[PDB]
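Notes to accompany the following structure.
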Amino acid sequence: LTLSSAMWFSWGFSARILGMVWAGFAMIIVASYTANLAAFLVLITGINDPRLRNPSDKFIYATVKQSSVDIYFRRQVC
Amino acid sequence: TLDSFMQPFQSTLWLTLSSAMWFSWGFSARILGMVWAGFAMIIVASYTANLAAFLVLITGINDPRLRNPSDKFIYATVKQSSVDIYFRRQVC
Amino acid sequence: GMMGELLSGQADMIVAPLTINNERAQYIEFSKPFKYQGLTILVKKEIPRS
Amino acid sequence: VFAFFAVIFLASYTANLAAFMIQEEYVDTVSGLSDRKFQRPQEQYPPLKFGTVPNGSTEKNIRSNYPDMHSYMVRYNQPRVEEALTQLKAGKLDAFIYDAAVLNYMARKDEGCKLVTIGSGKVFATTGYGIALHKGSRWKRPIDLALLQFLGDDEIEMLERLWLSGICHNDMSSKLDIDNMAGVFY
Amino acid sequence: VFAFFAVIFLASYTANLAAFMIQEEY
Amino acid sequence: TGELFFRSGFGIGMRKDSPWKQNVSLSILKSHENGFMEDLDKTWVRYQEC
Ligand SMILES: *[C@@H]1O[C@H](CO)[C@@H](O[C@@H]2O[C@H](CO)[C@@H](O)[C@H](O)[C@H]2NC(C)=O)[C@H](O)[C@H]1NC(C)=O
Ligand SMILES: *[C@@H]1O[C@H](CO)[C@@H](O[C@@H]2O[C@H](CO)[C@@H](O)[C@H](O)[C@H]2NC(C)=O)[C@H](O)[C@H]1NC(C)=O
């Protein structure tokens, strides 16, 4: 009878106490699983970006040639 | 963790007599009962997620209060100390 | 560029998304602005997660 | 089989809705003067008043745009901006119509939940301040350069970051659940 | 009675452990 | 993305000291002050949000 009970409580004397404790453990496990999925689901800036301030080869920070943006960039020091 | 979650719960809280309590604490009549049980499960899931969200829901000299003087905060230091000297030189 | 069309007398009024800056105001004259705007970052981004 | 997939789906739904509501909170208001409500104050519950302090550019613009609105808004705060803000915080005033920069600074500095309308981006008749000088004065050409030369640098930007700031960035409900249960039970 | 309090406690525990885990494992 | 880094508006450029500067600037300012600028803006830009 335990073979069906395990599947049922998974999908839900000392023998009954053990079964109740096992069901509670399974409930705690599935609660942990849903909280884990929630945390996993829960788990780029302006000119202040260090890549935008220190040149990097992983990023191609390109603009329009001879435009106003080039003039603005030409005057500041860094 | 006392009275931090049941703000709207009690307001909205307002053989079948025992079945309602049992499924709350868990022909077309059985279909209606199953749908009601599913609705209750959705409601309690919403309640626990709401409590989780509620539970999930001060800086340096850059603070605007620390830059623009405010009467709500008393930003005090040691008189005649080094901090007074450091503060005396900068403009703002 | 296109400012040659104005300084060299090719044109007489530059109507375009012209941004106000220093040397341009030095050589030619402007008017009151008709659209305020700044400089901004465009980056490709994929939002959804399967 | 079916029940295991059902409980997995229930867990996924619970987590999904938790993360849905957690990263979801925004506040919005009326669209502004473009709305017929602002165009037509006379309604079932007419607005209490519109705080347009006279002898300013806002008064001239509103008079030359909607004469009916200007006439209706005679219940305006005379003394100063601060009195009107206090009155609105208390509750006599319905909405305030004033200069964008001053109102924005007041919102960003004043505490509480008071926020400017979504018309921050959709500001009406955006003109900007200026330094007026005598007609045809020779001082036009230098200042026009110099102040502009200030703008094409970090000078004015940093100075604005210094003086006008304060945080309280001008960005919660439960009755939607009651609405959902009413709709489902219906 | 007992079961309603039990399910409320289970909900509170799930939410508490979720918010706990949201800021763990550094 | 990014904070606006150069908050200078656009402009309708023209040759230096041309007689039109006062009139062009004044008309642009009046139309901007009037509803014409907002009308021309809404029907042409910010009309789509996906
Ligand atoms: C706009 O300017 C007028 C013109 O002075 C102000 O009217 C004065 O208001 C004060 C206070 O009520 C009176 O003592 C004066 O006699 C008024 N003068 C005139 C000529 O009427 C009006 O108050 C100003 N509006 C403001 C400041 O909001
Ligand atoms: C700029 O606008 C003014 C204002 O309309 C123009 O001055 C008018 O010029 C016409 C034609 O010479 C005269 O009939 C009007 O009497 C003038 N009115 C005023 C108030 O001066 C001026 O001609 C315009 N200039 C340019 C270059 O367009």
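Which one is farthest from the other protein chains (Cβ to nearest Cβ) among residues in region C:1-26 that are outside any loop (DSSP other than H, G, I, E, B) and acidic (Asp, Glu)? So that I can check it myself, show each step before the final result.
The initial filter retains those residues of region C:1-26 that are outside any loop (DSSP other than H, G, I, E, B), namely C:4-7, C:13-19, C:22-26.
Among the residues that remain, those that are also acidic (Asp, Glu) are: C:5, C:23.
On the way: C:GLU5: 10, C:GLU23: 7 Å.
It comes out as C:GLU5.
Say we look at region D:117-145 and pick out the residues that are among the charged types (D, E, K, R) and farther than 30 Å from D:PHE96 by Cβ; which of these is farthest from the other protein chains (Cβ to nearest Cβ)? Don't jump to the end; show me each part of the working.
First, the residues of region D:117-145 that are among the charged types (D, E, K, R): D:122, D:135, D:138, D:140-141, D:144.
Checking which are farther than 30 Å from D:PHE96 by Cβ leaves us with D:135, D:138, D:140-141, D:144.
Values: D:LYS135: 11, D:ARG138: 13, D:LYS140: 10, D:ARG141: 10, D:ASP144: 7 Å.
Only one residue tops the list, namely D:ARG138.
If C:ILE41 satisfies every condition in (1) surrounded by 14 or more Cβ atoms within 10 Å (Cβ to Cβ); (2) part of a loop (DSSP other than H, G, I, E, B); (3) within 14 Å of the chain's Cα centre (by Cα) but one, which is the exception?
Unmet for C:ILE41, out of (1) surrounded by 14 or more Cβ atoms within 10 Å (Cβ to Cβ); (2) part of a loop (DSSP other than H, G, I, E, B); (3) within 14 Å of the chain's Cα centre (by Cα): (3).
Could you check region A:37-63 and list, in sequence order, the residues that are surrounded by 11 or more Cβ atoms within 10 Å (Cβ to Cβ), more than 30 Å from D:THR14 (Cα to Cα) and among the aliphatic types (A, V, I, L, M)?
Scanning region A:37-63 gives A:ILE47, A:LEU52.
For region D:102-119, give me each residue that is surrounded by 14 or more Cβ atoms within 10 Å (Cβ to Cβ), hydrophobic (A, V, I, L, M, F, W, C) and part of a helix (DSSP H, G or I).
Within region D:102-119, D:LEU103, D:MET106, D:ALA107, D:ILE118 qualify.
Residues of region D:3-47 being more than 9 Å from chain A (Cβ to nearest Cβ), under 23 Å from the mean Cα position of the chain (by Cα) and closer than 19 Å to D:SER173 by Cβ, which ones?
Within region D:3-47, D:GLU24, D:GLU25, D:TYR26, D:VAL27, D:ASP28, D:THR29, D:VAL30 meet the criteria.
Would you say A:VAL77 is within 11 Å of another protein chain (Cβ to nearest Cβ), among the hydrophobic types (A, V, I, L, M, F, W, C), outside any helix (DSSP H, G or I) and over 35 Å from the mean Cα position of the chain (by Cα)?
When the stated conditions are applied, A:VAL77 passes them.
Which residues, taken from region D:71-86, are of a type outside the set (D, E, K, R) and either more than 14 Å from ligand 1 (Cβ to nearest atom) or exposed (fewer than 15 other Cβ atoms within 10 Å of the Cβ) (or both)? Let's see the steps before the verdict.
Narrowing region D:71-86 to residues of a type outside the set (D, E, K, R): D:71-74, D:76-79, D:81, D:84-86.
Answer for region D:71-86, where residues must be of a type outside the set (D, E, K, R) and either more than 14 Å from ligand 1 (Cβ to nearest atom) or exposed (fewer than 15 other Cβ atoms within 10 Å of the Cβ) (or both): D:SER71, D:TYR72, D:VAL74, D:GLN78, D:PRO79, D:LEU85, D:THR86.
Within region D:148-170, can one find any residue that is away from chain B (no Cβ under 14 Å) and surrounded by fewer than 10 Cβ atoms within 10 Å (Cβ to Cβ)?
Taking every residue of region D:148-170 in turn, none turns out to be away from chain B (no Cβ under 14 Å) and surrounded by fewer than 10 Cβ atoms within 10 Å (Cβ to Cβ).
Could you run through region F:12-42 and say how many residues are surrounded by 16 or more Cβ atoms within 10 Å (Cβ to Cβ), within 16 Å of ligand 2 (Cβ to nearest atom) and farther than 19 Å from C:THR19 by Cα?
Result for region F:12-42: 0.
Pairs only if they're at least six apart or on different chains, beta carbon under 8 angstrom, first in region A:31-48 and more than 14 Å from chain F (Cβ to nearest Cβ), second in a helix (DSSP H, G or I) and β-branched (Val, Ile, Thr); list them, first residue then second.
A:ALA31/E:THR14; A:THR34/D:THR14; A:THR34/E:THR14; A:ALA35/E:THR14; A:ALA38/D:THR14; A:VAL42/D:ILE22
Identify all residues within region B:2-30 that are more than 14 Å from chain E (Cβ to nearest Cβ) and under 24 Å from D:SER173 (Cβ atoms); write none if there are none. Can you show your working first?
First pass over region B:2-30, keeping only residues more than 14 Å from chain E (Cβ to nearest Cβ): B:7-8, B:11-12, B:14-17, B:27-30.
Residues satisfying the conditions are B:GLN7, B:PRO8, B:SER11, B:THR12, B:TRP14.
No lab work stands behind these numbers, since they all come straight from the coordinates. Reconstructed Cβ throughout: ideal geometry from the backbone, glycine too, with neighbour counts over all protein chains shown.
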